[PDB]
Amino acid sequence: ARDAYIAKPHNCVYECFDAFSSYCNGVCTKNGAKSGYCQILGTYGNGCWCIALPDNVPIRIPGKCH
């Protein structure tokens, strides 16, 4: 229902940093209301967090991006 480390469609964020530049929120901002923040990727790097309940089909991949 929500994204954990992904903020872009089928692509993931290389490394979300401080949201001071609203970089992570900026990606979630495109929705026009969706809200997201930058957390940790999990192992190494950073991950973007986005909250909302689109029509459906939130995450279709283990979170790994090309």
# chains A, B, ... in the order shown; residues from 1 in each chain; ligands from 1

call {"tool": "select_by_dssp", "arguments": {"residues": "chain A", "states": "strand (DSSP E or B)", "output": "number ranges by chain"}}
result
A: 3, 35-40, 46-51

call {"tool": "residues_around", "arguments": {"residues": "range 22-34 of chain A", "least_positions_apart": "4", "cutoff": "7 Å", "atoms": "only C-alpha atoms", "output": "list in words"}}
result
residues 7, 8, 16, 38, 48, 50, 51 and 52 of chain A

call {"tool": "write_last_selection", "arguments": {"atoms": "C-alpha atoms", "output": "CSV table (one decimal), in the first residue's frame"}}
result
chain,number,residue,atom,x,y,z
A,7,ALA,CA,10.1,6.8,-4.6
A,8,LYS,CA,10.1,6.6,-8.4
A,16,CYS,CA,18.1,9.8,-0.8
A,38,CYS,CA,14.2,9.8,3.1
A,48,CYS,CA,13.1,7.0,0.0
A,50,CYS,CA,6.5,7.3,0.2
A,51,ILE,CA,3.0,7.1,1.8
A,52,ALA,CA,-0.3,6.8,0.0

call {"tool": "atom_distance", "arguments": {"atom1": "CA of residue 40 in chain A", "atom2": "CA of residue 5 in chain A"}}
result
7.4 Å

call {"tool": "atom_distance", "arguments": {"atom1": "CA of residue 54 in chain A", "atom2": "CA of residue 41 in chain A"}}
result
22.3 Å

call {"tool": "residues_around", "arguments": {"residues": "residue 59 in chain A", "least_positions_apart": "6", "cutoff": "12 Å", "atoms": "only C-alpha atoms", "output": "list in words"}}
result
residues 1, 2, 3, 4, 5, 6, 7, 8, 9, 10, 11, 12, 50, 53 and 65 of chain A

call {"tool": "write_last_selection", "arguments": {"atoms": "N, CA and C atoms", "output": "short mmCIF file (atom, residue, chain, number, x, y, z; two decimals), in the first residue's frame"}}
result
data_model
loop_
_atom_site.label_atom_id
_atom_site.label_comp_id
_atom_site.auth_asym_id
_atom_site.auth_seq_id
_atom_site.Cartn_x
_atom_site.Cartn_y
_atom_site.Cartn_z
N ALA A 1 0.86 -1.22 0.00
CA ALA A 1 0.00 0.00 0.00
C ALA A 1 0.88 1.25 0.00
N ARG A 2 2.09 1.13 0.48
CA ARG A 2 3.00 2.32 0.51
C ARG A 2 4.40 1.89 0.06
N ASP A 3 5.22 2.83 -0.32
CA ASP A 3 6.60 2.48 -0.77
C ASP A 3 7.56 2.62 0.41
N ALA A 4 8.53 1.75 0.51
CA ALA A 4 9.49 1.84 1.64
C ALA A 4 10.78 2.52 1.21
N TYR A 5 11.51 1.92 0.31
CA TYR A 5 12.80 2.52 -0.14
C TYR A 5 12.66 3.03 -1.58
N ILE A 6 11.51 2.89 -2.16
CA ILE A 6 11.32 3.35 -3.57
C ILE A 6 10.48 4.63 -3.61
N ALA A 7 10.82 5.53 -4.49
CA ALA A 7 10.06 6.80 -4.61
C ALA A 7 9.67 7.01 -6.07
N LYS A 8 10.39 6.40 -6.97
CA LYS A 8 10.08 6.56 -8.42
C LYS A 8 9.38 5.30 -8.92
N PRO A 9 8.64 5.41 -9.99
CA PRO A 9 7.89 4.26 -10.59
C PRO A 9 8.62 2.92 -10.46
N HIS A 10 9.10 2.37 -11.54
CA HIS A 10 9.81 1.06 -11.46
C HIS A 10 11.28 1.30 -11.12
N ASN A 11 11.68 2.54 -11.01
CA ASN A 11 13.10 2.84 -10.69
C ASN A 11 13.21 3.19 -9.20
N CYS A 12 14.35 2.93 -8.61
CA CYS A 12 14.53 3.24 -7.16
C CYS A 12 15.46 4.44 -7.01
N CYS A 50 7.66 6.60 0.71
CA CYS A 50 6.48 7.35 0.18
C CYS A 50 5.20 6.75 0.77
N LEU A 53 -2.17 5.52 -0.89
CA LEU A 53 -2.82 4.24 -1.33
C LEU A 53 -3.37 4.40 -2.75
N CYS A 65 16.34 -2.36 -8.11
CA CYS A 65 16.14 -1.61 -9.38
C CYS A 65 17.34 -1.84 -10.30
#
